[PDB]
Amino acid sequence: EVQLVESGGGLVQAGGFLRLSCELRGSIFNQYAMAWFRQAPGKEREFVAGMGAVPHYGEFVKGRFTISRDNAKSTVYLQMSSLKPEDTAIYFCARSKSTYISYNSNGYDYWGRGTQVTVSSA
Amino acid sequence: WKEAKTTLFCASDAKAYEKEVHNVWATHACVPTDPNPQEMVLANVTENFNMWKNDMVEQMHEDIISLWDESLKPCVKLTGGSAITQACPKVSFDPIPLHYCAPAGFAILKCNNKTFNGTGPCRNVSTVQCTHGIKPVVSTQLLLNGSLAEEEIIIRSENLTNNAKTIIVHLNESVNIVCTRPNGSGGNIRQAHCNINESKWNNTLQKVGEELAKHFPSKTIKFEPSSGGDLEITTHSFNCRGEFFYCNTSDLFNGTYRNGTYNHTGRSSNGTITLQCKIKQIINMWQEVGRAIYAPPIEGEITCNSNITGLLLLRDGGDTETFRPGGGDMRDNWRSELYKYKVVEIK
Ligand SMILES: *[C@@H]1O[C@H](CO)[C@@H](O)[C@H](O)[C@H]1NC(C)=O
Ligand SMILES: *[C@@H]1O[C@H](CO)[C@@H](O)[C@H](O)[C@H]1NC(C)=O
Ligand SMILES: *[C@@H]1O[C@H](CO)[C@@H](O)[C@H](O)[C@H]1NC(C)=O
Ligand SMILES: *[C@@H]1O[C@H](CO)[C@@H](O)[C@H](O)[C@H]1NC(C)=O
Ligand SMILES: *[C@@H]1O[C@H](CO)[C@@H](O)[C@H](O)[C@H]1NC(C)=O
Ligand SMILES: *[C@@H]1O[C@H](CO)[C@@H](O)[C@H](O)[C@H]1NC(C)=O
Ligand SMILES: *[C@@H]1O[C@H](CO)[C@@H](O)[C@H](O)[C@H]1NC(C)=O
């Protein structure tokens, strides 16, 4: 049975760095693309970063985040630098339905529980 | 009639003298097909089918991966930690029908209910030894060269309420799609285009919109282009004659279905809808995660005249309903033809 183990996140200072990771279990990693969505309060869940064959980033990223895959560990990683209060939200790991990345949340059939990222300006 | 898993075998009418790579692969991987396969109708028994949990789909998937491994050899394959190099000669490529067959001790139940949505009880069941012939066409957004619905358009989904479940639209009338890379009056060997008759497509989404509204009543039904993502799923991608085509469908999935009438709002010209296509060399694989790299396209005119027999739709999540083309998981392509079958153990 499929499960996504989410790690990282929580409180950062503005301008700080944070890493999110997500282990896929009970599924063959190299069969599925993986992505991070985020949901800020009062807003629609939006695509942050995803990777199957190639990385994709949401428009608000601007080269501040790096996504990568570890096949040996069945884990995908999101390195976030230069974080800003705008980046505060619940971040969800998601497993694609296929080898491909969609920006729409309905291209994904498995979701992590979500981890709060809070960017504090001192 | 106890449902069961077992290793099916494929059969085909592959031809010994044919250099086309589906024939070559089926020659060693499948058995000859029977000219007169028996079929035993049983009007009495009712069995429950589930096209979304059907082990026949997964066995077909493995065969088609396996066929593509022998047939469409990329120059280099990049999968995360590795890079495999091979000879990548150009190849003749045209899908042939494959039949799936139950070994002895098992049978294949076929639903004869001509409006069966793929789930639940089917009242009119047959017994066959092999499925009908299914062309393993790998594509996204549009299902090509399949079989048509017998009566009305059929909407299939594992759960229409769950917007993340893919929706398979089974057309009852094919819609012709002709893609060609033509033979400085020329400028780019990687540009192609597809033509679709506008009124034929206007009438299609009219009747597709009618069936969709039955499931989402009192709502305006909109068709909109794909969400962003990998080019393989944001365009209508397919392989034509060994070349990988990526066809932009923004003028195709672009209309509203209000008050029982469909209003196409995509661009069009001589009563024809045109999709711009690129032929690409670097493709994101559907067999597994990674990239494959191919040689530039062959010379001369490259044409696929195909029949759209179905669509893959996805509904946006939340007072309206919006549908975009989907696909990507080729299992859904096999599901769209294997929905009516079910492997059963004759204990
Ligand atoms: C079952 O399907 C066959 C196939 O066309 C048809 O001839 C027959 O009338 C059907 N029987 C019932 C009971 O629907
Ligand atoms: C196809 O189905 C639609 C409704 O789903 C129906 O209006 C139309 O007549 C059908 N086409 C046929 C039976 O040729
Ligand atoms: C198909 O029919 C079954 C039972 O008749 C029903 O439970 C299911 O929701 C239907 N699915 C669709 C997509 O209409
Ligand atoms: C269909 O989807 C809805 C919402 O995603 C879910 O609550 C419901 O349990 C699903 N239906 C079945 C029969 O599982
Ligand atoms: C399809 O074409 C339009 C331009 O007419 C473009 O804006 C759109 O992004 C294209 N889609 C893809 C997936 O390339
Ligand atoms: C529908 O088509 C028109 C003309 O091709 C285009 O300008 C419009 O943006 C399309 N609608 C979309 C892409 O949602
Ligand atoms: C669909 O079938 C026709 C005729 O069998 C063939 O010419 C065409 O190339 C096929 N299209 C695809 C995408 O395989």
Side-chain angles (χ1 to χ4, degrees), chain A residues 1-12 16-84 86-119, chain B residues 79-81 162-166 227-230 233-234 284 288-290 314 316-318 326 328-329:
Chain A
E1 67 99 18
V2 183
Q3 48 202 267
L4 303 178
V5 189
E6 280 175 1
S7 287
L11 176 83
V12 202
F17 173 85
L18 213 66
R19 201 185 110 255
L20 290 180
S21 63
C22 174
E23 181 166 55
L24 172 63
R25 278 175 197 168
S27 196
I28 296 157
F29 186 63
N30 83 345
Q31 292 299 303
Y32 296 102
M34 305 253 259
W36 298 89
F37 288 70
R38 81 179 174 189
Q39 195 161 29
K43 281 151 136 234
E44 46 284 302
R45 205 145 55 171
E46 76 181 338
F47 176 91
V48 180
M51 205 180 162
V54 293
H56 300 253
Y57 302 106
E59 222 206 324
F60 54 84
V61 172
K62 314 257 191 239
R64 300 180 295 142
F65 305 169
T66 308
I67 192 180
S68 71
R69 283 161 77 81
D70 200 299
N71 183 62
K73 303 206 229 204
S74 301
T75 306
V76 54
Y77 303 82
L78 189 59
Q79 313 217 144
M80 328 195 254
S81 50
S82 291
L83 294 150
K84 291 166 224 166
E86 304 86 281
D87 292 312
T88 285
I90 296 179
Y91 285 69
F92 296 89
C93 189
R95 195 209 78 183
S96 167
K97 293 195 283 197
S98 77
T99 63
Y100 296 115
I101 286 286
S102 174
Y103 300 163
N104 189 319
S105 75
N106 59 15
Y108 301 83
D109 35 24
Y110 288 95
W111 293 87
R113 251 157 36 229
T115 81
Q116 179 79 56
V117 188
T118 295
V119 189
Chain B
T79 56
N162 179 353
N163 71 291
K165 292 310 200 179
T166 290
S227 310
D230 283 331
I233 72 179
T234 65
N284 301 323
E288 57 174 332
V289 166
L314 283 165
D316 277 6
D329 178 4

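Side chains included, hydrogens not; waters and symmetry mates left out as well; all remaining heavy atoms used. So you know, we letter chains A, B, ... as the sequences are listed, proteins then strands, and number each from 1.
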Got a sec, which residues hit salt bridge (charged side-chain N to carboxylate O under 4.0 Å, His left out) with B/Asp230, two or more places apart in sequence or on another chain?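 Counting only residues at least two positions away or on another chain, B/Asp230 forms no salt bridge (charged side-chain N to carboxylate O under 4.0 Å, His left out).
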
Please report the closest heavy-atom contact between [X] and [Y], naming both atoms and the distance.
{"X": "A/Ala53", "Y": "B/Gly290", "answer": "CB-O, 3.4 Å"}
{"X": "B/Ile233", "Y": "B/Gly328", "answer": "CG2-CA, 3.8 Å"}
{"X": "A/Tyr110", "Y": "A/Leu4", "answer": "O-CD1, 3.5 Å"}
{"X": "A/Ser96", "Y": "A/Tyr32", "answer": "O-CD2, 3.3 Å"}
{"X": "B/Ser227", "Y": "A/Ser102", "answer": "CB-OG, 4.1 Å"}

Quick test of your reading: applying salt bridge (charged side-chain N to carboxylate O under 4.0 Å, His left out), list the pairs with at least one residue in residues 53-63 of chain A, sequence neighbours left out, ordered by first then second residue.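 The answer is none; no pair qualifies.
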
Keeping to residues at least two apart or across chains, list the salt bridge (charged side-chain N to carboxylate O under 4.0 Å, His left out) pairs with something in residues 95-114 of chain A.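 Residue pairs with at least one partner in residues 95-114 of chain A: A/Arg95-A/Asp109.
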
Look up atom CZ in A/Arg69 and atom CG in A/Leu24, then write down how far apart they are to the nearest 0.5 Å.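 Here the rounded value is 9.0 Å.
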
[Y] side chain reached by [X] side chain, heavy atoms, under 4.5 Å:
{"X": "A/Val48", "Y": "A/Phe92", "value": "no"}
{"X": "B/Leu314", "Y": "B/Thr166", "value": "yes"}
{"X": "A/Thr66", "Y": "A/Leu78", "value": "no"}
{"X": "B/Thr79", "Y": "A/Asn30", "value": "no"}

Just jot down the side chain to side chain contact (heavy atoms under 4.5 Å, CB included) partners of [X], sequence neighbours excluded, or say none.
{"X": "B/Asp316", "value": "A/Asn104, A/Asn106, B/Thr322, B/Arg324"}
{"X": "A/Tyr103", "value": "A/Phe47, A/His56, A/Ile101"}
{"X": "A/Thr88", "value": "A/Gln116, A/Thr118, A/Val119"}
{"X": "A/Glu23", "value": "A/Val5, A/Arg25, A/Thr75"}

side-chain hydrogen bond (donor to acceptor under 3.5 Å, both in side chains) partners of B/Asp329, counting only residues at least two apart: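 Here no residue qualifies.
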
Keeping to residues at least two apart or across chains, list the disulfide bond (SG atoms under 2.5 Å apart) pairs with something in residues 16-62 of chain A.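 For residues 16-62 of chain A, and leaving out neighbouring residues, the disulfide bond (SG atoms under 2.5 Å apart) pairs sorted by first residue read A/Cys22-A/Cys93.
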
Any pair with a residue in residues 23-76 of chain A that passes disulfide bond (SG atoms under 2.5 Å apart), sequence neighbours left out, goes on the list, sorted by first then second residue, please.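 Residue pairs passing disulfide bond (SG atoms under 2.5 Å apart), neighbours aside: none found.
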
I would like to know whether A/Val54 and B/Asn284 meet side chain to side chain contact (heavy atoms under 4.5 Å, CB included); could you show each step before the answer? CA-CA 8 Å; A/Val54 293; B/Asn284 301 323; 4.1 Å; yes

Which is it for A/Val12 and A/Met80 under the side chain to side chain contact (heavy atoms under 4.5 Å, CB included) test, yes or no, and what are the steps along the way? CA-CA 11 Å; A/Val12 202; A/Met80 328 195 254; over 6 Å; no

Listing request: all side-chain hydrogen bond (donor to acceptor under 3.5 Å, both in side chains) pairs with a residue in residues 33-51 of chain A, at least two apart in sequence or in separate chains.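 The answer is A/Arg38-A/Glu46, A/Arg38-A/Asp87, A/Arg38-A/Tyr91.
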
Under 6.0 Å between the ring centres of A/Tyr108 and A/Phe37?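 Ring-ring flag for A/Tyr108/A/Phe37: true, centres closer than 6.0 Å.
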
